[PDB]
Novice: 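What follows is a single structure, and I will ask about it in a moment.
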Number of protein chains: 2
Amino acid sequence: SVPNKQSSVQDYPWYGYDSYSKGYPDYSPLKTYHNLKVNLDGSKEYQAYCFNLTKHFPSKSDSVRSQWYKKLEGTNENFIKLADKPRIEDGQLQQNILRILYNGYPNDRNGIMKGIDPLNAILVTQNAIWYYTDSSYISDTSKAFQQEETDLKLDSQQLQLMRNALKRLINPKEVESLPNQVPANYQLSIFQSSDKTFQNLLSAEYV
Amino acid sequence: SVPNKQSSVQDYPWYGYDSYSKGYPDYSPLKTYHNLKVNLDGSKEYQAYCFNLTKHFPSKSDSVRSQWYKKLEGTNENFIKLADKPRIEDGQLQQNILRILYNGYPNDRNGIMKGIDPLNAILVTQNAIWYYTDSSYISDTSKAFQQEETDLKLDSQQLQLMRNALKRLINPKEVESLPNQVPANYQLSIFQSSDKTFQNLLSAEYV
Ligand SMILES: [Cl-]
């Protein structure tokens with residue numbers, strides 16, 4: 001069921017939470033999976049991804065604690081204002097993030113995520129997002145998800161697909177060579193956390 | 001007061017927690033400070049620093065949830081086994097971390113932390129630790145702590161001392177070219193979290 005929580009914070013009406021919680025299919029509290037969502041007073045849930053690695057993850061949906069968010073335009077200016085270490089040397093941060101969301105979970109318009117289990121696909125997408133929003137270190141994708149392999153007990157098939165999908169998502173030249181490019185109507189939103197101790201969120205949708 | 005919590009997990013007797021909680025002097029729940037500690041059944045608290053930026057921070061001391069830890073030798077092999085993205089290029093990972101702990105808060109053996117307020121000194125040390133444990137991006141220290149400046153309301157004096165200390169701590173040349181070198185009896189310990197969803201910890205002491 002979709003949560004219906006009304007904000008107690010002026011200008012922060014969006015409820016941001018982790019849906020990988022009790023009630024989620026195959027949920028385990030020992031697994032490092034996440035499934036971040038944003039919704040407004042029990043409305044349609046939007047797939048969300050976090051940024052600010054040194055801040056707290058949004059609380060699980062069954063927690064007594066709730067985090068409130070303000071929806072902003074997903075511009076470069078708003079990322080510079082809210083991100084700790086954005087990868088802005090390519091100068092198309094916003095565009096890179098939009099391309100990842102368009103090609104990642106669940107949109108997957110060019111089939112980069114094909115064969116990857118939903119929670120593993122979210123994990124790949126999130127890692128590609130962190131590469132841009134927090135300048136997270138990714139040198140060799142062939143060596144990626146080593147901790148996740150032991151923590152989540154990923155089989156060789158899933159692990160190889162995940163490594164290849166991450167490689168493709170963080171390479172702009174690779175994404176730009178694909179048949180389906182990001183249209184003007186597919187737009188980025190930044191969700192600013194009311195509580196500065198919690199991570200900010202980001203989401204994309206067709207307008 | 002020093003917490004006294006007994007583990008129920010075989011081989012994980014250490015209690016690891018964030019002491020920056022209700023009751024700590026000048027505590028604010030809106031500040032991004034941390035003061036991580038490890039202790040054994042109410043014994044002396046040891047200053048701890050976290051790693052694994054994508055995992056959960058240890059819970060605050062006043063939480064119903066407790067995280068349990070196994071004390072391991074602070075070797076390069078144990079870092080490769082538990083860290084997501086360690087900065088191993090120079091093969092001196094363990095020595096680099098030891099040098100940071102020896103020179104950082106509270107040890108400060110070469111006075112690098114002089115004039116920096118305790119929570120700010122922990123913050124500088126933690127950021128220097130993350131640079132090695134998680135390959136966190138630090139290009140120009142002159143620009144460091146921009147989000148912390150607004151979130152923690154740091155004055156110009158503290159901010160300048162913090163930026164200079166970070167620069168010195170992450171430069172292997174600098175620290176090795178200091179009058180006091182890390183002695184053989186100052187040893188590194190890795191605290192392995194029983195719950196794989198939580199950050200691992202690290203601490204150093206004189207043996
Ligand atoms: Cl967290």
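Excluded from the calculations below are hydrogen atoms, water molecules and symmetry mates; all remaining heavy atoms, backbone and side chain alike, are included. A, B, ... follow the sequence lines: proteins, then strands. Residue 1 opens every chain.
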Novice: Please state whether the side chain, the backbone, both or neither of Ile80(B) comes within less than 4.5 Å of a heavy atom of chain A.
Specialist: backbone

Novice: Picking from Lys31(B), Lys81(B), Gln146(B), which has the most non-hydrogen pairs under 4.5 angstrom with chain A?
Specialist: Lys81(B)

Novice: Inspect the surroundings of CD1 in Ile88(A) and state if more than 12 heavy atoms from other residues, nucleotides or ligands are less than 6.0 Å away.
Specialist: no

Novice: Please identify which of these residues, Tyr27(A), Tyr24(A), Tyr49(A), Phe57(A), meets the ring-ring contact (aromatic ring centres under 6.0 Å, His included) condition with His34(A).
Specialist: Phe57(A)

Novice: Does any backbone or side-chain atom of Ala144(A) lie under 4.5 Å from a heavy atom of chain B? Answer side chain, backbone, both or neither.
Specialist: neither

Novice: Side chain, backbone, both or neither: which part of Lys143(B) has a non-hydrogen atom closer than 4.5 Å to chain A?
Specialist: neither

Novice: Can you confirm if the NZ or CZ of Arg163(B) lies within 45° of the ring axis of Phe145(B) and under 6.0 Å from the centre of its six-membered ring?
Specialist: no

Novice: Does the pair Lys22(A)/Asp62(A) count as a salt bridge with the N-to-O cut at 4.0 Å?
Specialist: no

